[PDB]
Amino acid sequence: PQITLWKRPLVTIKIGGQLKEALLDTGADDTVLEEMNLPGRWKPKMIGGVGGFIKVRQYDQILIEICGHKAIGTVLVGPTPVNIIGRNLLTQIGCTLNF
């Protein structure tokens, strides 16, 4: 599909057997999701943006379905104000910017 940018590009995602709303974010290197209890091992990480840094938990090879498009890769989990789908998964669903 084509998504205009009049409003936040929020879409439904499926991760760990749960449906969530997440931002399709070309400005995010990696996907970061609001705090959630994912099983498995993880590695601590810090990501920086407007306002400074937050501490997140990096999970690898996590399966996410974005608008029926399946993807698998790194998913960060931490105190983000919004669920964010980053370029690491946007490339996997064939997402492009167009103007």
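Residue numbers run from 1 along the displayed sequence.
Asks: Between 28-36 and 60-68, point out the one with the higher average CA B-factor as the PDB entry records it.
Replies: Higher mean C-alpha B-factor in the PDB entry: 60-68.
Asks: Per the entry's Cα B factor values, which of 9, 78, 81, 86 stands out as the maximum?
Replies: In the PDB entry, the greatest C-alpha B-factor among 9, 78, 81, 86 is found at 81.
Asks: Is residue 92 in the lowest, middle or highest third of its chain when residues are ranked by C-alpha B-factor?
Replies: Middle third of the chain for residue 92's C-alpha B-factor.
Asks: Lowest, middle or highest third: where is residue 22 by Cα B-factor in its chain?
Replies: Middle third, going by the recorded CA B-factors of the chain.
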